[PDB]
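Visitor: Mind having a look at this structure? Questions to follow.
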10 protein chains.
Amino acid sequence: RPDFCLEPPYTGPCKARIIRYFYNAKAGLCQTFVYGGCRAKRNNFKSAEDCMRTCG
Amino acid sequence: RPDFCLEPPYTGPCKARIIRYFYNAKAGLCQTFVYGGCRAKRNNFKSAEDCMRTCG
Amino acid sequence: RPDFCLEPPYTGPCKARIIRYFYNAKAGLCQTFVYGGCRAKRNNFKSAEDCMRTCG
Amino acid sequence: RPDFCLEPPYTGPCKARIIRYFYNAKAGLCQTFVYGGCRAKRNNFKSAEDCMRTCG
Amino acid sequence: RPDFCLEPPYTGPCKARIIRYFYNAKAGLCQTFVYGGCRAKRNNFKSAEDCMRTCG
Amino acid sequence: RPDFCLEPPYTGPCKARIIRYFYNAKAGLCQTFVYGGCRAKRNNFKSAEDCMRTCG
Amino acid sequence: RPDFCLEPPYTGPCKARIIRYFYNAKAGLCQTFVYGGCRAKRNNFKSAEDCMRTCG
Amino acid sequence: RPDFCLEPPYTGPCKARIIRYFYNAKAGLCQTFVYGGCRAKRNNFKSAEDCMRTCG
Amino acid sequence: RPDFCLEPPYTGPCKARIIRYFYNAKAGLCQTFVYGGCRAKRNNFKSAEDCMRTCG
Amino acid sequence: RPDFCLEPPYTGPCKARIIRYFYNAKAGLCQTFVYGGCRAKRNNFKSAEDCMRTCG
């Protein structure tokens, strides 16, 4: 499992309010958080599928 | 019909304005509510189809 | 966890070749399968999010 | 509810494999069916929410 | 065309600003409006094809 | 309305099967047809909204 | 091309902020503008494809 | 406009039948074609806005 | 690669909050940025694939 | 850069023609391949954005 999947989700400094998915290491599944629209870190997925499959 | 299908919709603490679907037991079908983007409860569906079939 | 999440995925008799998601009880996560487009059973989700959240 | 809501789903002659939604009076909910692309009848919805709200 | 197709469009008390279609009986065509995310009335269509097929 | 709104729908030579909208001068509204993927003619719209707005 | 392809883009009175396309008669192509959600005018397309096809 | 915008559209050896846009240098506008799913050449756009902004 | 690929992202003046993609020469890949809705500059892509293929 | 980012794309045994993204290490960016719809390996991304960030 990529180390980056253990990083807290990261909204960044931008205005948008968009759903993205991140791996919650502790709950052990992908959840939703709000993403500003810029300067994404790696635990950030457009698609929940991609999320589970990358950090499952 | 899972228990969670009877809990009221939960916006959550986040500040997004994301349309979602919850099963309305009183009414007997899925309806739209506004989801804040994080900390979702289980009566929350990105897809209306998924909502009617899971809670139908 | 809804009992229906333990049912094998079910393509049905229709022509379409569409991705949908089902809960693989054994692997313990949601995966892709092909859905014919009609006569869905309950372990079938338009959205991977909805899938995890309903059968996680 | 409207009366076209009582018609059976019509795939029509054309060759596309597009998921659409029809009200199924019997089961009392909107379901998926394959629409062929041309010559649709009235019990036929692009959006499941439209179907639940119109024929629900 | 069903009676509700004559109801004026209804935004609702919710906080989203999402595009929906309504049948405008005067002009005799479907048009856009802003729906606020919840408590939609029946003359409210996510898809335009559904609006004109159901009300036009 | 533009004179192109009257010409029949042109599926074209290509092999794809994509739902597109066209103005049905006779029936007075926009209906679906199957576009092939190339050599489109002008009575051909990706969006049903656009079709009614332009040819309605 | 239709005479409506020349009129300026009409954002309108409504509160939404939706990206739409319009024909820029001057620059000779379709550009983006922000539509408000209601009282659209005809130089307004949901699909960029439609815009170039109609006004190009 | 970059040179590749002049390359004719390329379907590829793959088996899908997906709509894409290419700049057609003769006509001087972007148009549709069928891409087969793999080994796209650069004059191949998922979005039309991107095609005309990049090649038009 | 084209030279507009070297420009910095431009949000422009308008108020929408739409994720778009720009090539970031420094990091050597396309990234997200917020586009405002009007007056886009050329290093601006609706689709990430378009961005990677055009400026990759 | 996870190991899986270097495995070749895998269509799988299913018969869908679903566009997806894999990271091409040889080329140094994500490209499209055709995914059969089941039994996906990890170098499979519904979203190009997710692909470039996970394997970039």
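Note on naming: chains are A, B, ... as they come in the structure tokens, residues start from 1 per chain, ligands start from 1 in the order shown.
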Identify, on the basis of only C-alpha atoms, every residue whose closest approach to segment 34-48 of chain E does not exceed 9 Å; exclude the query and any residue fewer than 5 positions from it along the same chain; express the result as a PyMOL selection string.

Guide: (chain B and resi 17-20+31-34) or (chain D and resi 45-47+49-50+53-54) or (chain E and resi 4-23+53+55) or (chain F and resi 47-49) or (chain G and resi 14-16+36-38)

Visitor: Those selected residues, please, written with C-alpha atoms and delivered as a compact mmCIF listing (two decimals), in the first residue's frame.

Guide:
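As a result, part25.txt now contains:
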```txt
# COMPACT_ATOMS: atom_id res chain seq x y z
CA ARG B 17 -23.32 21.92 -1.78
CA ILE B 18 -23.38 18.42 -3.30
CA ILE B 19 -26.69 16.94 -4.39
CA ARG B 20 -27.30 13.41 -3.08
CA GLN B 31 -35.35 12.24 -2.68
CA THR B 32 -32.61 14.84 -3.03
CA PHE B 33 -30.79 16.44 -0.10
CA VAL B 34 -27.66 18.67 0.12
CA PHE D 45 -36.29 8.38 -18.60
CA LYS D 46 -32.62 9.38 -18.92
CA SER D 47 -32.60 10.10 -15.18
CA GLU D 49 -34.72 10.72 -10.27
CA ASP D 50 -36.97 12.06 -13.02
CA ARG D 53 -40.50 11.86 -9.20
CA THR D 54 -42.81 11.66 -12.26
CA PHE E 4 -48.09 19.39 -12.65
CA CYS E 5 -46.38 20.44 -15.91
CA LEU E 6 -48.25 23.75 -15.27
CA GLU E 7 -46.96 24.43 -11.76
CA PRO E 8 -44.35 27.22 -11.90
CA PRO E 9 -40.76 26.05 -11.22
CA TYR E 10 -39.92 25.72 -7.55
CA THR E 11 -36.37 26.44 -6.21
CA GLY E 12 -36.97 25.19 -2.67
CA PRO E 13 -35.48 26.25 0.61
CA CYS E 14 -32.12 24.50 0.11
CA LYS E 15 -28.73 26.04 -0.52
CA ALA E 16 -27.44 24.50 -3.83
CA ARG E 17 -27.65 26.27 -7.17
CA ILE E 18 -28.19 23.40 -9.60
CA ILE E 19 -29.62 23.58 -13.11
CA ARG E 20 -32.97 21.77 -13.71
CA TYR E 21 -35.60 21.89 -16.42
CA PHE E 22 -39.28 22.72 -16.20
CA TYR E 23 -42.00 22.78 -18.80
CA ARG E 53 -41.08 13.91 -23.45
CA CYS E 55 -44.62 17.56 -20.55
CA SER F 47 -27.51 18.23 -25.78
CA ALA F 48 -31.35 18.00 -25.95
CA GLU F 49 -31.48 21.46 -24.41
CA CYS G 14 -30.07 33.97 -11.84
CA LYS G 15 -27.65 33.01 -9.14
CA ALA G 16 -26.02 29.83 -10.43
CA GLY G 36 -26.91 32.19 -14.38
CA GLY G 37 -29.49 29.40 -14.73
CA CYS G 38 -32.67 31.00 -16.17
```

Visitor: Could you do a least-squares fit of chain G on chain A over every C-alpha atom, in sequence order, and give the output as a short mmCIF file (atom, residue, chain, number, x, y, z; two decimals) with C-alpha atoms, in the first residue's frame?

Guide:
```
data_model
loop_
_atom_site.label_atom_id
_atom_site.label_comp_id
_atom_site.auth_asym_id
_atom_site.auth_seq_id
_atom_site.Cartn_x
_atom_site.Cartn_y
_atom_site.Cartn_z
CA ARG G 1 -0.24 -0.09 -0.04
CA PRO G 2 1.66 3.15 -0.92
CA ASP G 3 2.90 5.29 2.00
CA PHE G 4 0.92 8.26 0.52
CA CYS G 5 -2.34 6.39 1.27
CA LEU G 6 -1.81 7.27 4.95
CA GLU G 7 -1.31 11.05 4.85
CA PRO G 8 -4.42 13.13 5.86
CA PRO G 9 -6.69 14.54 3.06
CA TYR G 10 -5.46 17.89 1.72
CA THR G 11 -8.31 20.19 0.82
CA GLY G 12 -5.70 22.83 -0.40
CA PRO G 13 -5.81 26.66 -0.74
CA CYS G 14 -8.28 27.00 -3.62
CA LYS G 15 -11.84 28.18 -3.59
CA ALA G 16 -13.75 25.42 -5.37
CA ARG G 17 -15.73 22.78 -3.49
CA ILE G 18 -15.31 19.47 -5.32
CA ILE G 19 -16.02 16.07 -3.82
CA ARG G 20 -12.94 13.84 -3.90
CA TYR G 21 -12.11 10.47 -2.30
CA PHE G 22 -9.26 9.63 0.09
CA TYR G 23 -8.08 6.52 1.88
CA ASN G 24 -8.89 6.55 5.55
CA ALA G 25 -6.02 4.41 6.85
CA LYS G 26 -7.72 4.18 10.22
CA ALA G 27 -11.28 3.24 9.14
CA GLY G 28 -9.73 0.98 6.46
CA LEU G 29 -11.67 2.42 3.47
CA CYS G 30 -12.12 5.39 1.12
CA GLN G 31 -14.16 8.35 2.32
CA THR G 32 -15.12 11.68 0.85
CA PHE G 33 -13.52 15.09 1.42
CA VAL G 34 -13.77 18.47 -0.25
CA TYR G 35 -10.90 19.38 -2.62
CA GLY G 36 -10.29 23.07 -3.28
CA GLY G 37 -9.14 22.76 -6.91
CA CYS G 38 -5.32 23.16 -6.91
CA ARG G 39 -2.17 21.80 -5.35
CA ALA G 40 -3.64 18.34 -4.85
CA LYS G 41 -1.68 15.74 -2.86
CA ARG G 42 -1.64 12.07 -3.75
CA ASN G 43 -4.32 10.77 -1.33
CA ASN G 44 -6.94 12.32 -3.57
CA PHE G 45 -8.95 10.45 -6.18
CA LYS G 46 -11.52 11.55 -8.71
CA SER G 47 -12.89 8.00 -8.77
CA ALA G 48 -13.83 6.01 -5.62
CA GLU G 49 -13.02 2.85 -7.56
CA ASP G 50 -9.47 4.11 -8.12
CA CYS G 51 -9.05 4.95 -4.44
CA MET G 52 -9.98 1.46 -3.17
CA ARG G 53 -7.98 -0.16 -6.00
CA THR G 54 -4.84 1.83 -5.15
CA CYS G 55 -4.99 2.18 -1.34
CA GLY G 56 -7.28 -0.75 -0.32
#
```

Visitor: List every residue of segment 2-48 of chain F that DSSP, applied to the backbone of this structure, places in strand (DSSP E or B), and write the result as a tab-separated table (two decimals) with N, CA, C and O atoms, in the first residue's frame.

Guide:
```tsv
chain	number	residue	atom	x	y	z
F	18	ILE	N	-24.04	6.19	-30.94
F	18	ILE	CA	-24.14	7.24	-29.93
F	18	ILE	C	-25.47	7.94	-30.02
F	18	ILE	O	-25.85	8.38	-31.10
F	19	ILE	N	-26.15	8.08	-28.89
F	19	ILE	CA	-27.44	8.76	-28.90
F	19	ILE	C	-27.21	10.23	-29.14
F	19	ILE	O	-26.42	10.82	-28.46
F	20	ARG	N	-27.89	10.78	-30.15
F	20	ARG	CA	-27.93	12.21	-30.41
F	20	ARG	C	-29.38	12.66	-30.62
F	20	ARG	O	-30.27	11.85	-30.86
F	21	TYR	N	-29.60	13.97	-30.49
F	21	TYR	CA	-30.92	14.58	-30.65
F	21	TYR	C	-31.04	15.25	-32.00
F	21	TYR	O	-30.03	15.64	-32.59
F	22	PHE	N	-32.28	15.36	-32.49
F	22	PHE	CA	-32.57	16.00	-33.77
F	22	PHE	C	-33.94	16.61	-33.71
F	22	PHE	O	-34.79	16.10	-32.98
F	23	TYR	N	-34.16	17.70	-34.44
F	23	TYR	CA	-35.48	18.32	-34.46
F	23	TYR	C	-36.41	17.63	-35.44
F	23	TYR	O	-36.13	17.54	-36.63
F	24	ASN	N	-37.53	17.14	-34.91
F	24	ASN	CA	-38.51	16.51	-35.74
F	24	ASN	C	-39.56	17.52	-36.19
F	24	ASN	O	-40.58	17.71	-35.52
F	29	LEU	N	-40.91	18.68	-32.14
F	29	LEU	CA	-39.96	18.62	-31.01
F	29	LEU	C	-38.71	17.80	-31.28
F	29	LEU	O	-38.59	17.22	-32.36
F	30	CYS	N	-37.79	17.76	-30.32
F	30	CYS	CA	-36.53	17.04	-30.53
F	30	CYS	C	-36.61	15.61	-30.07
F	30	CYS	O	-36.98	15.34	-28.94
F	31	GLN	N	-36.25	14.71	-30.96
F	31	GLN	CA	-36.24	13.26	-30.67
F	31	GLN	C	-34.83	12.69	-30.75
F	31	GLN	O	-33.90	13.37	-31.18
F	32	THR	N	-34.68	11.45	-30.34
F	32	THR	CA	-33.40	10.80	-30.40
F	32	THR	C	-33.20	10.05	-31.72
F	32	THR	O	-34.17	9.54	-32.32
F	33	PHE	N	-31.92	9.94	-32.12
F	33	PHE	CA	-31.47	9.06	-33.18
F	33	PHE	C	-30.08	8.59	-32.85
F	33	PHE	O	-29.48	9.08	-31.93
F	34	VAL	N	-29.59	7.61	-33.59
F	34	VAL	CA	-28.28	7.06	-33.37
F	34	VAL	C	-27.30	7.63	-34.40
F	34	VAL	O	-27.44	7.38	-35.61
F	35	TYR	N	-26.30	8.38	-33.90
F	35	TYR	CA	-25.21	8.93	-34.69
F	35	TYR	C	-24.06	7.93	-34.77
F	35	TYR	O	-23.80	7.20	-33.82
F	45	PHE	N	-27.53	17.12	-32.27
F	45	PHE	CA	-27.14	17.84	-31.07
F	45	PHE	C	-26.75	16.88	-29.96
F	45	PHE	O	-27.42	15.86	-29.72
```

Visitor: Report as number ranges by chain: the residues of chain J with a DSSP assignment of alpha helix (DSSP H), based on the backbone of this structure.

Guide: J: 48-54

Visitor: Please produce a file of those selected residues containing N, CA, C and O atoms, as a PDB file, in the first residue's frame.

Guide:
```pdb
ATOM      1  N   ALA J  48      -8.014   9.787 -15.647  1.00  0.00           N
ATOM      2  CA  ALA J  48      -6.648  10.154 -16.064  1.00  0.00           C
ATOM      3  C   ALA J  48      -5.955  10.969 -14.979  1.00  0.00           C
ATOM      4  O   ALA J  48      -4.783  10.715 -14.647  1.00  0.00           O
ATOM      5  N   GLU J  49      -6.660  11.944 -14.403  1.00  0.00           N
ATOM      6  CA  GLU J  49      -6.081  12.720 -13.328  1.00  0.00           C
ATOM      7  C   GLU J  49      -5.539  11.768 -12.290  1.00  0.00           C
ATOM      8  O   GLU J  49      -4.397  11.949 -11.904  1.00  0.00           O
ATOM      9  N   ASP J  50      -6.310  10.739 -11.867  1.00  0.00           N
ATOM     10  CA  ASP J  50      -5.881   9.862 -10.772  1.00  0.00           C
ATOM     11  C   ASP J  50      -4.639   9.123 -11.166  1.00  0.00           C
ATOM     12  O   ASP J  50      -3.746   8.895 -10.344  1.00  0.00           O
ATOM     13  N   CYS J  51      -4.589   8.748 -12.442  1.00  0.00           N
ATOM     14  CA  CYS J  51      -3.480   8.016 -13.012  1.00  0.00           C
ATOM     15  C   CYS J  51      -2.194   8.806 -12.959  1.00  0.00           C
ATOM     16  O   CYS J  51      -1.167   8.274 -12.537  1.00  0.00           O
ATOM     17  N   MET J  52      -2.224  10.056 -13.424  1.00  0.00           N
ATOM     18  CA  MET J  52      -0.979  10.833 -13.460  1.00  0.00           C
ATOM     19  C   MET J  52      -0.501  11.134 -12.055  1.00  0.00           C
ATOM     20  O   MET J  52       0.675  11.116 -11.792  1.00  0.00           O
ATOM     21  N   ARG J  53      -1.409  11.348 -11.122  1.00  0.00           N
ATOM     22  CA  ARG J  53      -0.969  11.669  -9.775  1.00  0.00           C
ATOM     23  C   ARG J  53      -0.494  10.439  -8.982  1.00  0.00           C
ATOM     24  O   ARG J  53       0.428  10.520  -8.175  1.00  0.00           O
ATOM     25  N   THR J  54      -1.107   9.292  -9.206  1.00  0.00           N
ATOM     26  CA  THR J  54      -0.713   8.094  -8.469  1.00  0.00           C
ATOM     27  C   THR J  54       0.563   7.504  -9.043  1.00  0.00           C
ATOM     28  O   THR J  54       1.419   7.025  -8.312  1.00  0.00           O
TER      29      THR J  54
END
```
